[PDB]
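See below for the structure under consideration.
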């Protein structure tokens, strides 16, 4: 299985397709440039405990996307995805 | 508080092997799987495999079947990963994450990384 | 544990005054009398007087009636002694001892001394 | 912000009864008029002040008496000579006066009081004058049938209106009169409790938000 | 001639009388289901033990001592642990004061117990702080004993329950204290009902100097109870 | 359908039976004045509370669990505090084991309670140390479950009091344990009478991978008593 993420850089709806159907089962991560990673969205729509509530995710059969309303300074970070449907589990390319 | 403290960085000449550690403290160690990751500098990440410290069953990615081995210690509460036959393309940062109680792969706790 | 910690040494030109302290810790301060002593360097010792910190009644030796005064603080748990009109013969070490519960003068706990 | 405590021992139940939950004689009207519209006309609706409107809308139907007390406090715009007032109560079906010296003040059929300023304040009690068996607080219907009637006005629910007039002739001094009306519900029988309102009121006619 | 109460026993006293303060005993809360209705645990076997305090010294120039009775036992023993993790209590006390001097000493004490003793500061307009009142096990000392530190005189202080220790005749006193409060149960960490105070009226004297004549105070909670910490669901 | 015992209550079980281990209950020491004659304090209201342990994980490759019953409660709660400052106890227990899986799981457990389970080390001549036995609340794990870590086989291990948890039929077991010891009262910090052990005979399986099927163990001392800490003189 391969997952592609359509924007390569961002200068605010970040979408990612999939090779197959994944039936939910997708997480959204973010990486600060210091080197710390924490997740933002789990099971394609829910929010993590301790996130600003401007993030939101869409849902479909195979094409998922992230929605950010307003921007901020330390919001600027590369965003990854993950399918946990079937091993081996694969990330995406990332933006920004 | 859940902490995943990895070792400091190290480097090696080609043709050798190396071993690292991801020491965990703040929870019961024998309940959660210990996944390991790989990020080449400037690219995306890649799943290597996990270790089940309750049973010592491991499941590897198909690319990393011959490179890495995965062990887990119960007494010192430390998961290890040993490479083999290092080349020029093994220079990366290696992570360690934690699963969930029910065996799902969504990672909430992470290590800091260790260059090679 | 009973400890009688005095201040460090100090010196003064003639015609002045000076004040010292004997801070006590390890017991109930308001039950025991606080006697003060004087030893010229190379000779025997001499009784100056005491202070009763339960009542602030003092009783002085007849030689030291005009030289020294004696006070006692309950809050800081510290007994003081202030001299007056210092001369050349006041260069000595000054001690502080502790009485007994029943008002007897047999001294089991002592200070270290403070030169003048 | 000091946080204190005290133990409490109680036995009483008869303080939360509906008979003495609404027997407190709250103010319902306050309007001034200058004599030199020279009188005070007020329909006897109860949803004018929101302190007593919210307390009265916990129930659907209730039944009571009025106990009106009119308290008049005059001024000259120094001493005022012996002012006499009239407070005529006009029910439905009888006509309301439109001018101070109208011929509707001389009508015998409706009840009127004549009280000086120097007396203790006037007081009349008014019986239950609905033609149903209870006052519908919330009415889910239309008085106007066709397509244009005001929503939630019960034609059986109305009471009347009272009108207050300075009796005396034109005097060379001109003075300002302030009228306060206190209504005290007696003999309460309330039915069908309802949840209380949280959002603030927007109009006097309906329940908007 | 001994007071065996529970675990401990103060033995070998002089003849003494249980002069009940006023006319009543503890009584154990006869009927209040209207207040704090989790039935009081009522511990009885593990609190009544005669917690003896430190011996105090009586010299010629001494002037008086005072203890706040729910405060002197907040950090001592099994009663001291039940003050934490409980917020309501109800208890009466028993006090046994006993000094000991030979047949050549002379003096007199007044052992008085004062309900709701609101103190006062001398010559200022500021109310006393938290630290001038909650002294603890060590108690305090009267600065002006003739006016009982609030203006009310000592000559009229025999209106409270009191006994005399006259070293010619006796050397012991015993007061039993009931529950004296308006509320049925009270809060132990911020309110103090009684105030035991002993005041030497006639000071002591002997031929030699400053004989100690040490005194002993012993306090025991009589019929104590607390709130309920264990409930079904 | 609830077990309200004192302060806590494990509610909403499946139908269950109090299969008494052997044929007896705790019994409360019927008559021994010849031994340790300071009458036992016998606490009853402040120990019986169903101390629930941590939930353990049952995967395909798991192999067994064991707890030492006077040892698993030495550091937990009100029973854990009475083990210090007492040196004799006497109690029986009650055990309630309950796992929870859906109607698509399959497996079987053996919940057995073993009196005086002296363990043994594999392939060495050295007796097990203090740290391989006194594991605590976390319990342990069988290394060789087929021989019960002492050579005696598992096929004959149904001679002890036991129940079956068969995930097709039920998901609950309940054993009541009497006082099984030669001495009338025993020492809690160095001797362990019973040994609760649960062993998956048929391992679990499902279409997906490694479902947890978490299990819960709940222990409650039945009729406990200790030595006397309070005496008259």
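Residue numbers (our numbering), protein chains in the order written: chain A, 183 to 278; chain B, 29 to 144; chain C, 29 to 144; chain D, 32 to 240; chain E, 1280 to 1512; chain F, 1280 to 1512. Note that beta-carbon positions come from the ideal geometry of N, C-alpha and C, so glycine has one too.
Residue i CB to nearest heavy atom of the ligand COA below 7 Å
i              : result
residue 1318/F : The ligand COA is not part of the structure shown, which contains no ligands of any sort.
Residue i in three-state terms, based on DSSP
i              : result
residue 260/A  : strand
residue 1360/F : helix
residue 122/B  : strand
residue 1385/F : strand
residue 105/B  : coil
residue 1571/E : With chain E covering only 1280 through 1512, there is no way to say anything about residue 1571/E.
residue 1339/E : coil
residue 59/C   : helix
residue 65/D   : strand
residue 1438/E : helix
residue 1333/E : coil
residue 87/D   : helix
residue 82/D   : helix
residue 1504/F : strand
residue 116/B  : helix
residue 1455/E : strand
residue 235/D  : coil
residue 221/D  : strand
residue 128/B  : coil
residue 239/A  : strand
residue 65/B   : strand
residue 1421/F : coil
residue 1403/F : coil
residue 183/D  : coil
8 Å contact criterion, which residue i and residue j should meet: CB distance rounded
i              : j              : result
residue 131/D  : residue 70/D   : 6 Å
residue 1328/E : residue 1499/E : 6 Å
residue 1368/F : residue 1503/F : 7 Å
residue 1298/F : residue 1454/F : 6 Å
residue 232/D  : residue 81/D   : 6 Å
residue 66/D   : residue 197/D  : 5 Å
residue 1325/E : residue 1391/E : Not a contact, Cβ separation roughly 30 Å.
Beta-carbon spacing of residue i, residue j below 8 Å
i              : j              : result
residue 137/C  : residue 66/C   : no
residue 222/A  : residue 211/A  : yes
residue 58/C   : residue 82/C   : yes
residue 1342/F : residue 1421/F : yes
residue 64/B   : residue 77/B   : yes
residue 1484/E : residue 1339/E : yes
residue 145/B  : residue 143/B  : In this structure chain B extends from 29 to 144, so residue 145/B is not present and cannot be described.
residue 206/D  : residue 106/D  : yes
residue 97/D   : residue 214/D  : yes
residue 1481/F : residue 1387/F : yes
residue 236/A  : residue 250/A  : yes
residue 111/B  : residue 96/B   : yes
residue 116/D  : residue 103/D  : yes
residue 1389/E : residue 1441/E : yes
residue 35/B   : residue 49/B   : yes
residue 272/A  : residue 184/A  : yes
Between the stretch 1332-1346 of chain E and the stretch 1473-1487 of chain E, can you find at least three pairs of beta-carbon atoms closer than 8 Å? yes
Next on the checklist: List, from N- to C-terminal side, the beta strand (DSSP E) runs of 3 residues or more that fit wholly inside the stretch 69-103 of chain B.
Outcome noted: 73-80, 85-88 and 97-101
At least three beta-carbon pairs within less than 8 Å, the stretch 1388-1397 of chain E to the stretch 1446-1460 of chain E: yes
Three or more C-beta pairs below 8 Å linking the stretch 1362-1371 of chain F and the stretch 1407-1417 of chain F = no
- Would you call the stretch 87-95 of chain D and the stretch 178-189 of chain D in contact, with 3 or more CB pairs under 8 Å? no
- Item | Cβ pair count under 8 Å reaching 3, the stretch 243-250 of chain A against the stretch 96-108 of chain B | no
Does the stretch 1436-1451 of chain F come close enough to the stretch 1370-1379 of chain F that 3 or more CB-CB pairs lie under 8 Å? yes
Handout entry: Any beta strand (DSSP E) of 3 or more consecutive residues that is wholly inside the stretch 1464-1493 of chain F
Key = 1474-1484
*Can you list, in chain order, the stretches of the alpha helix (DSSP H) that have 4 or more residues and sit fully within the stretch 73-161 of chain D?*
81-87
- request: Would you check if the stretch 121-136 of chain D and the stretch 1280-1299 of chain E touch, i.e. whether three or more CB-CB distances between them fall below 8 Å?
  value: no
Pair every Cβ in the stretch 139-157 of chain D with every Cβ in the stretch 44-59 of chain D, then say whether three or more of these pairs are closer than 8 Å. no
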